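Asker: Below you'll find the sequence and an experimental structure to go with it.
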Amino acid sequence: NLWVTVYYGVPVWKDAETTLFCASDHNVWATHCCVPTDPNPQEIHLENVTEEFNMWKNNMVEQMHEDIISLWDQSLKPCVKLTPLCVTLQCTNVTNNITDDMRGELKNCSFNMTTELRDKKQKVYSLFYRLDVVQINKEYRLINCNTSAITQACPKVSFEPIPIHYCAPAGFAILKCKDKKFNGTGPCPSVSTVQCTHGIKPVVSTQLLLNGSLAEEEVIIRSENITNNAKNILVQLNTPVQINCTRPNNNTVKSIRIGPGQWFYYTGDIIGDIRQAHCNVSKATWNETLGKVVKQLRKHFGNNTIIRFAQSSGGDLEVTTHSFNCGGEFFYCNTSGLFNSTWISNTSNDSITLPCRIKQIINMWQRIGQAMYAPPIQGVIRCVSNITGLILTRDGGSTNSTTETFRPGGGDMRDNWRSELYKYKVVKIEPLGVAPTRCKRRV
Amino acid sequence: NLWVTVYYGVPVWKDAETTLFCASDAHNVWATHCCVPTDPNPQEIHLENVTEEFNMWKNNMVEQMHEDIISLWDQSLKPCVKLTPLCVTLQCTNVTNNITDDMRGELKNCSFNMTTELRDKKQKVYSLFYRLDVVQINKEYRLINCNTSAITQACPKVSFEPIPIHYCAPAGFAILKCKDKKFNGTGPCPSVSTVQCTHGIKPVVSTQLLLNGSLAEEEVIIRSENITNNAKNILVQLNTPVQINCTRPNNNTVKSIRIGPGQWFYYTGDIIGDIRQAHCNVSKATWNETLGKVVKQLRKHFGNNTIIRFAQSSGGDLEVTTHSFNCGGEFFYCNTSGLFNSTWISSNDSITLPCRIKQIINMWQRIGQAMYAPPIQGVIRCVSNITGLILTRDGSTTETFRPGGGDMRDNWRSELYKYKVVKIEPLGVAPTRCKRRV
Amino acid sequence: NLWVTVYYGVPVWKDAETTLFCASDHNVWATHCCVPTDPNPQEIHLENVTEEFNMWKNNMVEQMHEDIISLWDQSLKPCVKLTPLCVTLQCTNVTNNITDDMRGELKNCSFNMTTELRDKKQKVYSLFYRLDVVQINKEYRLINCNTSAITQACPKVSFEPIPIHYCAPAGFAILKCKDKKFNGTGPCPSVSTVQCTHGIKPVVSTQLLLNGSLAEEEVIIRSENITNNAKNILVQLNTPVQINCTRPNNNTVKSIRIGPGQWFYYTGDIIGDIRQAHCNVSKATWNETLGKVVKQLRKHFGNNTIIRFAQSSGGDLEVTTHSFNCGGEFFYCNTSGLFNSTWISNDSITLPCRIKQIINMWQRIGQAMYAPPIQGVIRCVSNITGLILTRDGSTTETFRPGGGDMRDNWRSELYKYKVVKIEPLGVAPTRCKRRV
Amino acid sequence: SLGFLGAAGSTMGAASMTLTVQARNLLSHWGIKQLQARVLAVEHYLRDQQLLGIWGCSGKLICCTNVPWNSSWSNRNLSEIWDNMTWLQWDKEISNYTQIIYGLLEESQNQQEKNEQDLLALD
Amino acid sequence: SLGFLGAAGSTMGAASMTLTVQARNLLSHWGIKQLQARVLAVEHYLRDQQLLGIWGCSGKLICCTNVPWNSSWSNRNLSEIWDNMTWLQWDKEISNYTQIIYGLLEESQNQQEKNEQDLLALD
Amino acid sequence: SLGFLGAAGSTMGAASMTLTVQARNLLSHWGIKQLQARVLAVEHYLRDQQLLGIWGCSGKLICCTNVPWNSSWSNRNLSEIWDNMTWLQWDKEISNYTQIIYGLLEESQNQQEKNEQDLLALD
Ligand SMILES: *[C@@H]1O[C@H](CO)[C@@H](O[C@@H]2O[C@H](CO)[C@@H](O[C@@H]3O[C@H](CO[C@H]4O[C@H](CO)[C@@H](O)[C@H](O)[C@@H]4O)[C@@H](O)[C@H](O[C@H]4O[C@H](CO)[C@@H](O)[C@H](O)[C@@H]4O)[C@@H]3O)[C@H](O)[C@H]2NC(C)=O)[C@H](O)[C@H]1NC(C)=O
Ligand SMILES: *[C@@H]1O[C@H](CO)[C@@H](O[C@@H]2O[C@H](CO)[C@@H](O[C@@H]3O[C@H](CO[C@H]4O[C@H](CO)[C@@H](O)[C@H](O)[C@@H]4O)[C@@H](O)[C@H](O[C@H]4O[C@H](CO)[C@@H](O)[C@H](O)[C@@H]4O)[C@@H]3O)[C@H](O)[C@H]2NC(C)=O)[C@H](O)[C@H]1NC(C)=O
Ligand SMILES: *[C@@H]1O[C@H](CO)[C@@H](O[C@@H]2O[C@H](CO)[C@@H](O)[C@H](O)[C@H]2NC(C)=O)[C@H](O)[C@H]1NC(C)=O
Ligand SMILES: *[C@@H]1O[C@H](CO)[C@@H](O[C@@H]2O[C@H](CO)[C@@H](O)[C@H](O)[C@H]2NC(C)=O)[C@H](O)[C@H]1NC(C)=O
Ligand SMILES: *[C@@H]1O[C@H](CO)[C@@H](O[C@@H]2O[C@H](CO)[C@@H](O)[C@H](O)[C@H]2NC(C)=O)[C@H](O)[C@H]1NC(C)=O
Ligand SMILES: *[C@@H]1O[C@H](CO)[C@@H](O[C@@H]2O[C@H](CO)[C@@H](O)[C@H](O)[C@H]2NC(C)=O)[C@H](O)[C@H]1NC(C)=O
Ligand SMILES: *[C@@H]1O[C@H](CO)[C@@H](O[C@@H]2O[C@H](CO)[C@@H](O)[C@H](O)[C@H]2NC(C)=O)[C@H](O)[C@H]1NC(C)=O
Ligand SMILES: *[C@@H]1O[C@H](CO)[C@@H](O[C@@H]2O[C@H](CO)[C@@H](O)[C@H](O)[C@H]2NC(C)=O)[C@H](O)[C@H]1NC(C)=O
Ligand SMILES: *[C@@H]1O[C@H](CO)[C@@H](O)[C@H](O)[C@H]1NC(C)=O
Ligand SMILES: *[C@@H]1O[C@H](CO)[C@@H](O)[C@H](O)[C@H]1NC(C)=O
Ligand SMILES: *[C@@H]1O[C@H](CO)[C@@H](O)[C@H](O)[C@H]1NC(C)=O
Ligand SMILES: *[C@@H]1O[C@H](CO)[C@@H](O)[C@H](O)[C@H]1NC(C)=O
Ligand SMILES: *[C@@H]1O[C@H](CO)[C@@H](O)[C@H](O)[C@H]1NC(C)=O
């Protein structure tokens, strides 16, 4: 009675992986390589479509990670190679205009540097932070001398994140989850289709996520497996917490040639008092923020469980401190004042000051062999940013006791991406299909 | 009572920007092995009753030619020796043993400590330099590029001689050519034709006069974007070549030293015979006829009662103020004040232009990328055709014109003005009396 | 009253040249760069199809040559450049543990090398194999100092040949010759179609072909023009000859830092007696194998003709000896002991071997590789699956080991394959007209 | 005016009226990633077009054929398939049998290419 | 033959007879510029073929449709359009309304296909 | 069945029953070689499809046309051509007339389209 009928243009799809390209809208995200965005993007709501999403198996995150690494390397590749700099340094402490915190923190080094002419040498003196310099035996070397070569970042290229929109190729589409309070691993009752993602700023940080999206309704706790003590917890905040970071010291930047066409930048001197870099977090706002986080953690851990916050257990600064790029400088802030409380049964203009260290020799993305020198920046630096989420680890104490402990985590950049790319998945469009009908083909 | 009918294969087009590829034909820096040789039989289709508008001043074929030339130039040097060991203190004295006044103080004799094949050994060598490449430090000199760039030696086996390049449109595109002998580069062209590839264009690099290009068929043609605006250059296409003979009379002996494993540096060792300046010869009468023709055409835009005066360039880099070109592989900088010194009012006698020579070349007006042109052994003579001029008009009853130039895109426009690229749009619609039967 | 009828999907092909890609199922051949292959490749037998093959005009060979060289270079690009080593060396002989065979073979060289800090120098003392060191006039330099730069091969990358499968693009097909006793030039009565070739191991060797395919039934002698003394003869064996190659010396490998994260590897010392490297084959197996070769040569040159074998007449070590990569070391073995005989109508043969660390592969100039020494003692076991012979330019023919052109090793495996393009569209007459 | 895939989730008999909307949007080192993506869009498009070609459905969004429907693949009623169901659900229910059906569609068209040629020869 | 664009400048009537010539000349870091040129030519070809397919004009150079001509778009006499004007001129005059006509063509074909399916089901 | 090109060597008649076997396999610095391979396959595929389209054989495997067969191309009996010869042999035999035949096919279809347009306008 019934016959096979072939249809083309059928609105169906399959989970799929493909390569996405950037659309943008003097940086390290090749925004000049990217195409421009669509001024009028078309978001189509799909009525009566329930789609299952899994943010932990989302390969968009893996593709973003790789793209960021490659873009980074390409922007650095053509810049000055500071191999003439791995020399014996003669260093003493800065004692003039020093406060108590900056005691032995900053060092005054001198060395024999090359010049344009192969035949000549110059004696250069620069200030360095103690984190960049390691003692040889007053004889010091830079920390990278026994593991890597240094490339000076180009002074003309910024490190300020520029939103990146990822776009699917024709034949593919990106499904977006609009379900508020979506925990990122589950069926999503309300979805829409987009061709490009919203603009995601590739902000790099460790313990606290900065300048991301806010939760629509309430703090959202997400993890790959909540009962697994080995997993990280991503917390998306409902309201931002404003954090004010600064390096008060007025740096005078000097530049010399170290070979034909090769300019090296260094801190020459500091004008006035030498003080420690720091970040200020409103005390009241931070206290409200944690109370909200605790109420939500209890949905998984119970009322009878005490929720305790504690500082990181230890390791390299890159995993024990809050790292970020502020004004182009690299800060390592100790967030102990933010995670030092016990909440039992959920129990002005004050502020929390976090001391920060400054480091010029940078080893990003947890790689070995590619090290960067961050030129110093002339003048005084201040930046203001939003804390939009936290990364926490868990010591599973409640198994044996009444108290559970959470500590700042992070350090794996993929988890910072997952923060924004949890609403999206890539699907392939499959326009062909068949179904029985009453229709037959005349011969 | 009419119906919509769809036609595919409709002979229409739209102006469009696309990427062209080179075909050229069947070692040299132009990397013609990177092009796909074209069909020995070209085709050209005259389009009868078609008038189309051309605008040579807004033509992206020029921009592509520029970018590809810069790119190949740089690619050619990638595998060549980097002469970083030469940025040393040089201890120099004057070359005075066999000099005429023509080059008094121009050549220098420099000694220095050069690297060798082994890391632990040095050698003392000496070589001759042309002054323009060497600057005083405080008898202590350094090469001109030491405080701005590295120098890559051009590979001695690779020729700089221009090879005609044919630029071809991708399928779906076509190149329209203007056949109007009097066309000045802008506006409607009453007679056009279609080609897939351009004629071969030689990427000749020169700064004031245009060498080895196309000649105009009937009259001297003055072309400009806006002739009124003295901020613009004027391109002049000639009806006769003016033959120019250029030479470096000195017989140079070239030596080579090892500077590192697998690497060597080439330099002038000595000069055989007397030392005289390089120069170019232009027949006076031919030049005077040619210039008079230029003046007549200029009067058509400035008035019959306006005096036209020619003058030498007032200032700028040597690359801009002199006529710079590559002769036999050497880089000459010729003073053209002998050609542009005349006021025009309503028997083997030649003009001689002295020329200086440089070895450290910074091309395409860039900074940070210098090339060392190795010397060529022997005596050099080259003969070329002046096919056009680049002139600049100054800001009364007299107008003044001076040699202009410095922007390479102008040399290209002089060959590419005849062409524009269009996209073919084969799908069209028109009313007919044909109703589909269903 | 016949009309042209157009057929699409017609089983017709033309000889063609296209780009082939690899599908190869920490290694120099970068198999991670190849696509994964078909777990169970298909083959279609073309019953009643005879096709011509010509192995000497097979451009698959030329592409394999280019791919192999490019892969080689790509693996060396990211490795340390050993330019600080091109110094004057102060060298003495290693005479402490020599048998008479090793007298003057190894040298103990001392030099001032750079270190992590630009400011400091270190004294280094390493052992060299002589062939890599040339006297300057006890002052020596490394052989490559006047012509090339040295790149140290990365210690983490294996040179072991791994099978590479070549695959045609859609629209193309590879025909395979299944005939036994096929010499590579002419009609092949039994053919089949495949999309990918079998895997071919890119084995580099110079006189004997190692680890290739064996002839199905008998020794096959192939050449472009057998009567032309300018051509090489490729002999495929139907039985392997097993060869055991050893470097008996126990090397202790040392390393130093020469720059910012850069390190150099070298032999520090040797434990126990030093002996020359050598290779063993059984005399009987070799004599049977050679006799089979002689019989087939006799078919081509005539009966009651003397067939003589002789050692290579001269040239560079790379062509006068049998070179190969054994465990990562580069051996240069003297095959005169295999090819010293005249043929007319438990006990092994030992071949002395030399070792080099500075390698100029693919007959190139300016790009030289330094092979890090390998710690310990090395033994390799491999199969001789063919020979490369030349014929000396009377009543006696003389054959000598040949080689030096890598294309010949490739041809010995690719002779069975041909690339064609598919031409699916065509016409023929038939009694059919189109209704109007 | 639902937009691309705006009909997804809608009844199969309703969604089938917007096929044009999806069909017209199928053709819609850093430059290599773009170049590869452009190539894939073309390859996927052409593979589907080739199937329509060999099945005799070239140039049509809706194509009826002469392969009968087998109750084995599905024994659902038309009022249960074309109504009270969407295309995503249908695709899952008969996913197994897709390869079988495609093989039959090809066999049928090849037989009808031959039958047509024979009739013309007889004319 | 007048050559590839030789018909340009002739009247629309005259030029309609050379469509084969123009149609057959479509489709026929340095390696990237060459690949981009090749990919682009393919994409443009396919995009136009897709429109013809959607409109029901599949594999044809000239197609009559069921969309009536609107005098609003142009009210020229057919003798003027076909005997005085060339295609370049025509296209400029109706550069506007191109997307109206295309939208109507897509709609007309969709309706025709639906109606054919119903007749076949009834028969 | 026989598999790809398994019909080579079979008679033309027998081989013609496997056309879909071959048709489905026509379509399906380092990474550039891979792109070139993909692009080239597409270009060849499309050029053949374009040509069939021009001839009025779009979407068909066996397309009858109205160009008569000339004895100057080949004067064999049909039984010889279809029962004894294979396609490889046939292709060699008439290689010299390929372009002639193709030119005639393009001309014939252009005339057929003109005739259809006039008849519809006359109705
Ligand atoms: C979270 O998001 C916030 C924004 O919402 C980010 O904060 C911004 O950070 C950038 C980069 O540090 C700031 O931009 C810089 O401002 C300097 C100060 O001058 C400003 O104000 C004067 C007076 O009104 C204006 O005249 C001037 O134009 C500026 O608007 C400038 O001196 C800087 O320019 C110099 O450096 C750049 C380096 O890229 C060079 O390209 C320039 O040529 C020049 O040499 C620069 O413009 C910006 O002002 C901050 N915004 C706010 C609101 O404070 C946070 O950084 C981000 N968080 C994280 C972790 O990234
Ligand atoms: C405008 O156009 C003219 C051409 O009309 C250009 O002038 C030519 O310039 C090239 C160099 O760039 C000259 O080429 C050289 O000629 C030397 C002499 O050639 C004679 O002898 C050879 C046989 O040995 C004959 O075949 C030839 O016809 C002559 O009788 C050669 O010795 C040179 O070869 C050597 O140097 C090159 C360097 O690249 C190496 O590659 C070679 O292997 C070899 O070592 C070379 O061929 C040419 O002769 C000039 N022609 C004329 C008529 O003068 C102008 O330069 C051009 N204008 C501009 C601005 O570019
Ligand atoms: C996010 O929310 C979903 C929905 O409540 C949780 O999904 C449940 O997971 C368990 C364990 O695998 C299953 O047995 C249930 O059937 C799932 N529920 C539903 C409705 O399907 C998910 O585990 C939550 N994730 C986190 C990290 O909390
Ligand atoms: C972070 O810095 C901002 C300024 O950039 C502070 O906001 C100001 O607070 C004063 C309070 O007297 C108001 O008068 C200003 O109008 C505010 N300025 C702006 C732009 O809002 C903020 O309080 C600081 N926060 C912390 C934690 O230090
Ligand atoms: C050619 O250049 C002249 C000079 O810039 C242009 O004329 C000027 O036009 C502006 C208005 O845009 C007036 O304010 C100036 O006073 C004019 N100057 C002179 C000398 O006339 C002229 O329009 C340009 N022509 C073209 C075709 O570009
Ligand atoms: C440039 O050189 C050419 C020769 O290369 C000169 O042409 C010669 O002119 C003289 C004039 O008496 C004749 O005797 C020669 O026979 C000519 N030679 C040729 C090749 O025909 C030309 O005059 C020179 N021009 C200038 C101004 O230097
Ligand atoms: C390989 O075998 C082919 C035959 O399959 C030999 O080719 C013949 O060579 C003779 C002598 O030149 C010719 O007269 C025949 O006409 C050739 N036959 C064919 C089919 O081409 C070839 O010489 C052999 N080559 C070797 C090295 O053994
Ligand atoms: C999503 O489901 C709802 C509920 O079935 C659909 O709403 C019905 O639509 C039909 C057709 O327009 C109306 O006749 C009914 O009266 C509607 N039902 C109700 C309760 O209002 C809706 O159309 C579906 N969405 C999509 C995109 O198909
Ligand atoms: C620098 O300060 C540290 C503080 O612990 C002290 O031990 C060290 O001796 C000081 N060095 C100099 C040169 O004053
Ligand atoms: C800092 O240096 C200034 C001179 O520039 C001097 O007047 C001042 O007293 C110093 N302050 C301290 C704390 O050393
Ligand atoms: C933090 O908030 C809780 C209520 O959520 C309140 O009981 C507690 O006193 C607050 N702590 C501070 C320091 O304000
Ligand atoms: C190392 O350098 C010194 C000079 O500083 C020299 O006397 C000595 O011979 C050199 N040693 C070697 C092994 O080259
Ligand atoms: C150009 O117009 C003339 C009439 O003046 C006509 O004869 C000729 O055929 C036209 N050319 C073309 C290409 O149609």
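Answerer: Now that the structure is in, tell me what you want to look at. Numbering: from 1, shown residues only, chains lettered A, B, ... in the order given. Ligands and ions are numbered 1, 2, ... in the order given.
Asker: Nearest to ligand 5: which residue in chain D?
Answerer: Taking C-beta to the nearest ligand atom as the measure, chain D has residue D:31 as its residue closest to ligand 5, at 36.8 Å. (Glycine included, C-beta is placed from N, CA and C.)
Asker: what about the nearest residue to that residue once chain neighbours are set aside, distance to residue D:32?
Answerer: Spatially, and ignoring its direct neighbours in sequence, residue D:31 is nearest to residue E:32 (6.6 Å; C-beta to C-beta, 6 or more residues apart in numbering or on different chains). Applying C-beta to C-beta, to the nearest Å, the value for residue E:32 to residue D:32 is 7 Å.
Asker: Repeat that for residue A:410.
Answerer: For residue A:410, the distance to residue D:32 - C-beta to C-beta - is 32 Å.
Asker: What of residue A:86?
Answerer: 36 Å.
Asker: between those two, who's got more neighbours?
Answerer: residue A:86 (21 against 14; other C-beta atoms under 10 Å in any protein chain shown).
Asker: measure that one to residue C:254 for me?
Answerer: 23 Å.
Asker: SS state for the residue of chain D closest to ligand 5?
Answerer: helix (DSSP: H, G, I helix; E, B strand; the rest coil).
Asker: From residue A:424, how far off is it?
Answerer: 24 Å.
Asker: quick one on the thing from earlier: common neighbours of residue E:32 and residue D:32, please.
Answerer: residue F:32 (C-beta atoms under 8 Å, 6 or more residues apart in numbering or on different chains).
Asker: can you count the residues close to whatever residue of chain D ends up closest to chain E?
Answerer: Nearest residue of chain D to chain E: residue D:59, at 2.9 Å (C-beta to the nearest C-beta). Neighbour count of residue D:59, defined by other C-beta under 10 Å: 21.
Asker: Do I have it right that it meets residue E:60?
Answerer: No - contact status for residue D:59 versus residue E:60: not in contact, 9.4 Å apart, counting by C-beta atoms under 8 Å.
Asker: Just to check, residue A:240 is in contact with residue A:384?
Answerer: No - judged on C-beta under 8 Å, residue A:240 makes no contact with residue A:384 at a distance of 10.7 Å.
Asker: who's more crowded, the two?
Answerer: Legend: neighbour count by other C-beta under 10 Å for residue A:240 and residue A:384, higher for residue A:240 (17 against 11).
Asker: how about the helices in the stretch 101-250 of chain A?
Answerer: With DSSP state H, counting those that start in this stretch, there are no helices along the stretch 101-250 of chain A.
Asker: For residue 12, give me its contacts.
Answerer: Chain wasn't specified; assuming chain A. A:429-431, A:433, D:8, D:87-88, D:91.
Asker: please go with chain D instead
Answerer: Applying C-beta under 8 Å, 6+ apart, the residues contacting residue D:12 are A:435, D:81-83, D:85-87, D:90.
Asker: how about these in JSON lines, adding secondary structure, neighbour count and distance to ligand 13?
Answerer: Formatted as JSON lines, these follow (DSSP: H, G, I helix; E, B strand; the rest coil; neighbours: other C-beta atoms under 10 Å in any protein chain shown; distance: C-beta to the nearest ligand atom, whole Å):
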{"residue": "A:435", "secondary structure": "strand", "neighbour count": "24", "distance to ligand 13": "53"}
{"residue": "D:81", "secondary structure": "helix", "neighbour count": "21", "distance to ligand 13": "58"}
{"residue": "D:82", "secondary structure": "coil", "neighbour count": "18", "distance to ligand 13": "56"}
{"residue": "D:83", "secondary structure": "coil", "neighbour count": "12", "distance to ligand 13": "59"}
{"residue": "D:85", "secondary structure": "coil", "neighbour count": "17", "distance to ligand 13": "60"}
{"residue": "D:86", "secondary structure": "strand", "neighbour count": "19", "distance to ligand 13": "57"}
{"residue": "D:87", "secondary structure": "helix", "neighbour count": "23", "distance to ligand 13": "53"}
{"residue": "D:90", "secondary structure": "helix", "neighbour count": "20", "distance to ligand 13": "56"}
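Asker: Excluding chain neighbours, what is closest to the residue in chain D that ligand 13 sits nearest to?
Answerer: For chain D and ligand 13, the shortest gap (C-beta to the nearest ligand atom) falls at residue D:59, measuring 33.5 Å. Using C-beta to C-beta, 6+ apart and skipping residues adjacent in sequence, the residue nearest residue D:59 is residue E:58, 2.9 Å away.
Asker: helix/strand/coil for that neighbour?
Answerer: Going by three-state DSSP: residue E:58 is coil.
Asker: now residue 86, nearest residue through space, not along the chain?
Answerer: Here I'm looking at chain A. In space, residue A:86 is closest to residue A:145, 4.5 Å off (C-beta to C-beta, 6+ apart).
Asker: hmm, I had chain D in mind actually
Answerer: residue D:9 (5.6 Å).
Asker: Tell me if I'm right that that neighbour and residue A:47 touch.
Answerer: Yes - using C-beta under 8 Å, residue D:9 is in contact with residue A:47, at 5.8 Å.
Asker: Looking at these two, which is more packed in?
Answerer: residue D:9 (19 against 14).
Asker: Can you classify the more buried one as helix, strand or coil?
Answerer: Relying on three-state DSSP, one would call residue D:9 coil.
Asker: ok, it to residue D:87 distance?
Answerer: Residue D:9 is 9 Å from residue D:87, by C-beta to C-beta.
Asker: Over to residue A:408?
Answerer: In terms of C-beta to C-beta, residue A:408 sits 47 Å off from residue D:87.
Asker: excluding its backbone neighbours, what's nearest the residue in chain D positioned nearest to ligand 7?
Answerer: Taking C-beta to the nearest ligand atom as the measure, the point where chain D comes nearest ligand 7 is residue D:110, at 38.8 Å. Spatial nearest neighbour of residue D:110, chain neighbours left out: residue F:20 (5.7 Å); criterion: C-beta to C-beta, 6+ apart.
Asker: which residue does chain D bring closest to ligand 1?
Answerer: For chain D, C-beta to the nearest ligand atom, closest residue to ligand 1: residue D:30, 21.6 Å.
Asker: just checking, that residue touches residue A:32?
Answerer: No - Residue D:30 is not in contact with residue A:32 according to C-beta under 8 Å; the separation is 10.2 Å.
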